[PDB]
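Letters A, B, C, D and E mark the chains as written, and numbering starts fresh at 1 in each.
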Amino acid sequence: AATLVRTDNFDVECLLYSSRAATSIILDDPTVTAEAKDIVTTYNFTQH
Amino acid sequence: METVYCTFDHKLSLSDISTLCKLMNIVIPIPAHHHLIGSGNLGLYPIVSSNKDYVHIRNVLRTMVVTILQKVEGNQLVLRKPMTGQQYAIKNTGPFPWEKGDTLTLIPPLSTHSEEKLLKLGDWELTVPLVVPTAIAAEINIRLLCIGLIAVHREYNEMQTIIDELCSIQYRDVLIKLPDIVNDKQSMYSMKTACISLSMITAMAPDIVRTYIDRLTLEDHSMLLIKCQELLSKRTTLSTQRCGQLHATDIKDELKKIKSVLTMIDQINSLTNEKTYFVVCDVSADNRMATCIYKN
Amino acid sequence: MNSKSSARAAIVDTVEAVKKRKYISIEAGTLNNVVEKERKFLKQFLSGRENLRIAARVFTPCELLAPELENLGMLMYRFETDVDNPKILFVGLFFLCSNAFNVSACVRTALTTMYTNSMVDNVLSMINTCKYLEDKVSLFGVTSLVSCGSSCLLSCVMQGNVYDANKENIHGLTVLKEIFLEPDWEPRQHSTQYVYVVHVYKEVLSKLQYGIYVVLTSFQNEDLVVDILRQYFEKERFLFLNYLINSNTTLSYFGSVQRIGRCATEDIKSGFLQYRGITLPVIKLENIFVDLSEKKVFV
Amino acid sequence: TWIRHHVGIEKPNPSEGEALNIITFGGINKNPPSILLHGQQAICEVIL
Amino acid sequence: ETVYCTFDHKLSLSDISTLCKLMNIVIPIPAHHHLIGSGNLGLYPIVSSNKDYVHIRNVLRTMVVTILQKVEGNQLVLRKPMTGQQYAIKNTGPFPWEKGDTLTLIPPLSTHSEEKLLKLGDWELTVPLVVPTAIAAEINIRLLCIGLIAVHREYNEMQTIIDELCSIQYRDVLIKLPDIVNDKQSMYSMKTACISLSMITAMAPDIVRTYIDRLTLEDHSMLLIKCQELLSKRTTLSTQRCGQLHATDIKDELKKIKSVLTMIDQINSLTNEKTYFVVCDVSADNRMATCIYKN
């Protein structure tokens, strides 16, 4: 005999609750850098 | 010197200039290396009238100087000569999905059934060579070498029996074909050195290697082994064994011989392998333009 | 406005672009407590985004280079050594062209009489007794800033134009007229030619003899150039195919091609060198952007 | 050969290419099915 | 363009001091990408968790080399090199750098215990060895020889010939290659490489013999005669039993040639080794070297 096993994946919407002021974010002023390539110049904004 | 202005000799139309505005960021080769060129020197049409031989077009496309289209303004047309190791965006023409990170070579246009809907202007077209991955570039060069090696075998209708099986190839769910390979004497020269290098692999192969097949068949068993046994049994025209030997302390000679074998394989690979012109980093979601940071 | 006006605007923008690449504005607040020399140096503040060539300082015994110290602009060869004290030893192009086999007997003897001493004789014996050539000696670059000290300092260019300092009197590669040849359909086709170096072996019945060829071609692609060079060397190639199996020396090829750099067609002129009165015809390329690729071997 | 015959799995290539070492190395070997109606499926197997 | 890598987990002071010891190194990176986690850093996502040997070798050819520049508070700054410019590399590998050498990247020791440079939560940091090109070719050939003679049994001088193959010497720095047969920690398994080489050497002489009859354009320069001599020195006894007695198909010949040209572009990885770096000068005491970047 045999035990056929199978998994199935479902599209689920799934709500969250959180108590207020539960976690704090210490963050940077966004830093700016520029890469001056020959045909484009790419500005990259980073933020920690 | 980097910038090259092309100004068309024949006049054009608004549909033509609309196609040129769509046609931006395409790699186009020029032979001239001047600052001002005309419509006679732009593209590959000034050479694709001489026999349309695929080997010949690939050779002269290697001799060409590649540029990138920029800023179609009026009748004038800017071409940037790309510098080495820099980043550029390329609009693509080859029928492929263009997975990122790979290398790209630059191949002659495979003439499809539909006429080119790009530019046909007073007995002059814009013959743009295609940009392909290096793997299918090597695959096409293999198919040319194989059709040469079969044109060696002179027959009637067996040539057709080989071509209709061989020529339609599929890579990344795309069907292409390359007919009209009249098998001129220029590819015969490249066939010569392939025959030489296989002859040297034959003569310089050590005792360990052919023995390694048989010992691995006696030891283990696998699918790879199963079809290797199929090939080794299906051909047996020579298969000579230099038998009486003991795997004796001749190991420096063994190293020398395996270095030679690797070097002849490097030679056949240098035949069958084309120069990579681009290295992809970032592809748009359309797979219509993609970026590279390379130049030979 | 005036045409000469926008031309002056473009020239001034080139000058200020050079100034932006050379100097850096300093956002250190720079209070008054400095000496005026340190003041003006913090006003200028040079950095080395100006030369754009890559050079290397070099120590080599002065016995080996005879012709080279006097004549600037020459290929150099790294010869590694199993001696611990000096692990690398640097070799003149003409010093190795002595026992290149292409060179005729008159030019060779002339070269030898420039190269007659005990150290240079012993190093020729080392190069002869080594099995192959191409990976005990190796290409290094182009000569500038001879010292001619006790143990001589040589600068050497890896990439870029051949100049020491102040971007002035840019030297050129000096390649011997006998050792260069240009296989083309049309020589000096349209414009700038790439200069390549080809090492070619030969077996005259006893040992191996290398040959140093220099080719100038419009073809950039190494596949194209080895395809034209096999056509040039087909006969010798077949001889050496018969040799190499019967040989046991650890080599695996007939030759190798390697790129030296860009040149210009109008900048190729002949001439001659002289060292102790030995008149010697050379082909002096003038302005060279030195560039190297990996050695591509061919069998 | 007869086990491949009866379990009904195709031989990979009549004309051996380097797609074969992509196959045995690990790649999408089966052409994904031309028709599909309900998304993904896979069923593993224990003998009992 | 720079790259920031953030570490997933906590680091020790020993870890941060290790990074300050290793503030210049090459790192291969899969994605040409700007922010990278520690899970994708290094070569361990590929080595020992994915494909082995040639696949690893091919991948190391196709990855992005990117050097360490500076270590932030928990981050790594990695600058990726442009072709033709100077950079600086610290010397991790054993073999001493000298001026004007060409440099390349080889896969490391298989599974060796140098604290794996860093253990951190079932993750190790694996870098390729920067090594001169002549050494890299020699190591490639020795690994092929070990991988060939590993399969033979009933050999009496196998152990001494393994020791002779694994002991190499280059500018007075010896090393033993980890692949001595019958340990089997990790070999990188070399099987597809040795099988493809031996399919080349075994399929070659029939193909070349078959076309030899039709060789040249009926007026030849050393293409029928010298090449026959090459074929005869290997097979002086040629075509005795013949197996099938010369009843061949054009489609069979097609499939033979098509496989033998397949195997070359598959062994394209062990074909070449590119010069990643040309070192121009070397620091005192051989701690680091300033090189230029190519390819």
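We take it that a residue touches a chain if its C-beta (ideal position, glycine included) is under 8 Å from a C-beta of that chain, and two chains touch if they have at least 3 such contacts.
Distance from subunit C peaks, on a Cα-centroid basis, for D.
Here C-E and D-E were compared by C-beta pairs in contact; the pair with more is C-E.
As a whole-number value, the distance joining the C-alpha centres of subunit A and subunit D reads 36 Å.
In whole angstrom, the spacing between the mean C-alpha positions of subunit B and subunit C is 33.
Centre-to-centre separation of subunit A and subunit C, using mean CA positions: 53 Å. Centre-to-centre separation between subunit C and subunit D, using Cα means, comes to 56 Å. Chain contacts: subunit A has no residue touching two or more partner chains.
Along subunit C, residues 241, 245 each make contact with two or more other chains.
Taken residue by residue, subunit E touches two or more other chains at 84, 192, 230, 233, 254, 258-259, 262, 265, 272, whereas all remaining positions touch fewer. The full set of touching chain pairs reads A-B, A-D, A-E, B-C, B-D, B-E, C-E, D-E. Interface residues of subunit D, counted against subunit E in their complex, comprise 14-18, 20-21, 25-26. Chain contact summary for the complex, subunit A toward subunit B: residues 37-40. By the touch criterion given at the top, residues 1-2, 4, 34-35 of subunit E touch subunit A in their complex. The part of subunit B that touches subunit C in the complex is made up of residues 31-33, 59, 62-63, 189-190, 193, 196-197, 200, 203-204, 252-253, 255-256, 259-260, 262-264, 266-267, 270, 274-275, 296. Of all residues in subunit C, only 54-58, 78, 80, 84, 87-88, 135, 138, 140-141, 158-159, 234-235, 238, 241-242, 245, 292, 294 touch subunit E in the complex they form.
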